[PDB]
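start-v2.cif follows (mmCIF, N, CA, C and O atoms):
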```cif
data_my_file
#
loop_
_atom_site.group_PDB
_atom_site.id
_atom_site.type_symbol
_atom_site.label_atom_id
_atom_site.label_comp_id
_atom_site.auth_asym_id
_atom_site.auth_seq_id
_atom_site.Cartn_x
_atom_site.Cartn_y
_atom_site.Cartn_z
ATOM 1 N N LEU S 1 -17.039 51.738 46.781
ATOM 2 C CA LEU S 1 -17.191 50.258 46.930
ATOM 3 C C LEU S 1 -16.584 49.553 45.715
ATOM 4 O O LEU S 1 -16.550 48.342 45.641
ATOM 5 N N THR S 2 -16.104 50.304 44.766
ATOM 6 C CA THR S 2 -15.499 49.681 43.556
ATOM 7 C C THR S 2 -13.978 49.630 43.719
ATOM 8 O O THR S 2 -13.244 49.441 42.770
ATOM 9 N N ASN S 3 -13.508 49.794 44.925
ATOM 10 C CA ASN S 3 -12.040 49.754 45.183
ATOM 11 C C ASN S 3 -11.335 50.877 44.418
ATOM 12 O O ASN S 3 -10.197 50.745 44.014
ATOM 13 N N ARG S 4 -11.993 51.989 44.241
ATOM 14 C CA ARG S 4 -11.360 53.136 43.531
ATOM 15 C C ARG S 4 -11.168 54.279 44.529
ATOM 16 O O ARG S 4 -10.701 55.347 44.187
ATOM 17 N N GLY S 5 -11.547 54.062 45.762
ATOM 18 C CA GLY S 5 -11.412 55.132 46.786
ATOM 19 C C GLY S 5 -10.832 54.564 48.072
ATOM 20 O O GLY S 5 -10.062 53.624 48.066
ATOM 21 N N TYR S 6 -11.199 55.141 49.181
ATOM 22 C CA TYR S 6 -10.678 54.658 50.482
ATOM 23 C C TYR S 6 -11.318 55.467 51.618
ATOM 24 O O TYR S 6 -10.718 55.670 52.655
ATOM 25 N N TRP S 7 -12.533 55.941 51.441
ATOM 26 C CA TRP S 7 -13.167 56.733 52.528
ATOM 27 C C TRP S 7 -14.684 56.612 52.447
ATOM 28 O O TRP S 7 -15.358 56.468 53.448
ATOM 29 N N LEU S 8 -15.238 56.677 51.268
ATOM 30 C CA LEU S 8 -16.702 56.577 51.141
ATOM 31 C C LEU S 8 -17.048 56.364 49.666
ATOM 32 O O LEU S 8 -16.985 57.272 48.862
ATOM 33 N N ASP S 9 -17.413 55.166 49.314
ATOM 34 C CA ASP S 9 -17.771 54.861 47.903
ATOM 35 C C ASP S 9 -18.770 55.915 47.442
ATOM 36 O O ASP S 9 -19.077 56.043 46.278
ATOM 37 N N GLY S 10 -19.270 56.681 48.362
ATOM 38 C CA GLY S 10 -20.253 57.738 47.991
ATOM 39 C C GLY S 10 -21.638 57.094 47.809
ATOM 40 O O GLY S 10 -22.213 56.602 48.760
ATOM 41 N N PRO S 11 -22.183 57.079 46.611
ATOM 42 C CA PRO S 11 -23.522 56.463 46.360
ATOM 43 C C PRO S 11 -23.619 54.997 46.814
ATOM 44 O O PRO S 11 -24.696 54.517 47.107
ATOM 45 N N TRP S 12 -22.531 54.267 46.858
ATOM 46 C CA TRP S 12 -22.648 52.833 47.275
ATOM 47 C C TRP S 12 -22.420 52.700 48.787
ATOM 48 O O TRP S 12 -23.109 51.958 49.459
ATOM 49 N N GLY S 13 -21.462 53.407 49.327
ATOM 50 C CA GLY S 13 -21.200 53.311 50.797
ATOM 51 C C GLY S 13 -19.925 52.491 51.052
ATOM 52 O O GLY S 13 -19.985 51.317 51.357
ATOM 53 N N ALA S 14 -18.775 53.107 50.936
ATOM 54 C CA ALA S 14 -17.487 52.369 51.176
ATOM 55 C C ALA S 14 -16.286 53.193 50.681
ATOM 56 O O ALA S 14 -15.662 53.904 51.444
ATOM 57 N N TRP S 15 -15.941 53.100 49.412
ATOM 58 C CA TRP S 15 -14.766 53.878 48.899
ATOM 59 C C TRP S 15 -14.667 53.797 47.365
ATOM 60 O O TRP S 15 -14.617 52.727 46.791
ATOM 61 N N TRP S 16 -14.622 54.931 46.700
ATOM 62 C CA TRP S 16 -14.510 54.928 45.205
ATOM 63 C C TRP S 16 -14.181 56.328 44.653
ATOM 64 O O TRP S 16 -14.762 56.777 43.686
ATOM 65 N N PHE S 17 -13.233 57.005 45.238
ATOM 66 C CA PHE S 17 -12.848 58.357 44.731
ATOM 67 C C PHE S 17 -12.889 58.367 43.200
ATOM 68 O O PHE S 17 -12.406 57.416 42.608
#
```
Would you kindly transcribe this structure into structure tokens?
Amino acid sequence: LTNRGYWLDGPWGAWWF
């Protein structure tokens, strides 16, 4: 969710590799 990923922010729910 910090715009560092593109599939699953993981702990936040969105994207943050």
As a list in words, please: the residues near residue 5 (chain S) (cut-off 5 Å, all atoms listed in the file, same-chain neighbours under 5 positions excluded). residues 15, 16 and 17 of chain S
How about saving the chosen residues, N, CA, C and O atoms kept, as a short mmCIF file (atom, residue, chain, number, x, y, z; two decimals), in the coordinates of the input?
```cif
data_model
loop_
_atom_site.label_atom_id
_atom_site.label_comp_id
_atom_site.auth_asym_id
_atom_site.auth_seq_id
_atom_site.Cartn_x
_atom_site.Cartn_y
_atom_site.Cartn_z
N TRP S 15 -15.94 53.10 49.41
CA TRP S 15 -14.77 53.88 48.90
C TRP S 15 -14.67 53.80 47.36
O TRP S 15 -14.62 52.73 46.79
N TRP S 16 -14.62 54.93 46.70
CA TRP S 16 -14.51 54.93 45.20
C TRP S 16 -14.18 56.33 44.65
O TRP S 16 -14.76 56.78 43.69
N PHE S 17 -13.23 57.00 45.24
CA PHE S 17 -12.85 58.36 44.73
C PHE S 17 -12.89 58.37 43.20
O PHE S 17 -12.41 57.42 42.61
#
```
Care to translate the PyMOL selection byres (((chain S and resi 1 and name CA) around 8) and name CA) into actual residues of this file, as a short mmCIF file (atom, residue, chain, number, x, y, z; two decimals) with N, CA, C and O atoms, in the frame of the given file?
```
data_model
loop_
_atom_site.label_atom_id
_atom_site.label_comp_id
_atom_site.auth_asym_id
_atom_site.auth_seq_id
_atom_site.Cartn_x
_atom_site.Cartn_y
_atom_site.Cartn_z
N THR S 2 -16.10 50.30 44.77
CA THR S 2 -15.50 49.68 43.56
C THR S 2 -13.98 49.63 43.72
O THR S 2 -13.24 49.44 42.77
N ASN S 3 -13.51 49.79 44.92
CA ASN S 3 -12.04 49.75 45.18
C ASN S 3 -11.34 50.88 44.42
O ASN S 3 -10.20 50.74 44.01
N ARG S 4 -11.99 51.99 44.24
CA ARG S 4 -11.36 53.14 43.53
C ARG S 4 -11.17 54.28 44.53
O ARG S 4 -10.70 55.35 44.19
N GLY S 5 -11.55 54.06 45.76
CA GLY S 5 -11.41 55.13 46.79
C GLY S 5 -10.83 54.56 48.07
O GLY S 5 -10.06 53.62 48.07
N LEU S 8 -15.24 56.68 51.27
CA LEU S 8 -16.70 56.58 51.14
C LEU S 8 -17.05 56.36 49.67
O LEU S 8 -16.98 57.27 48.86
N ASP S 9 -17.41 55.17 49.31
CA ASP S 9 -17.77 54.86 47.90
C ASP S 9 -18.77 55.92 47.44
O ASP S 9 -19.08 56.04 46.28
N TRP S 12 -22.53 54.27 46.86
CA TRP S 12 -22.65 52.83 47.28
C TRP S 12 -22.42 52.70 48.79
O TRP S 12 -23.11 51.96 49.46
N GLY S 13 -21.46 53.41 49.33
CA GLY S 13 -21.20 53.31 50.80
C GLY S 13 -19.92 52.49 51.05
O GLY S 13 -19.98 51.32 51.36
N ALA S 14 -18.77 53.11 50.94
CA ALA S 14 -17.49 52.37 51.18
C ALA S 14 -16.29 53.19 50.68
O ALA S 14 -15.66 53.90 51.44
N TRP S 15 -15.94 53.10 49.41
CA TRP S 15 -14.77 53.88 48.90
C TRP S 15 -14.67 53.80 47.36
O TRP S 15 -14.62 52.73 46.79
N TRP S 16 -14.62 54.93 46.70
CA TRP S 16 -14.51 54.93 45.20
C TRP S 16 -14.18 56.33 44.65
O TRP S 16 -14.76 56.78 43.69
#
```
To box region 1-16 of chain S, take all atoms listed in the file, fit an axis-aligned box, add 8 Å on each side, and give centre and edge lengths in Å to one decimal, as AutoDock Vina command-line options.
```
--center_x -17.4 --center_y 53.0 --center_z 48.1 --size_x 30.6 --size_y 25.4 --size_z 26.7
```
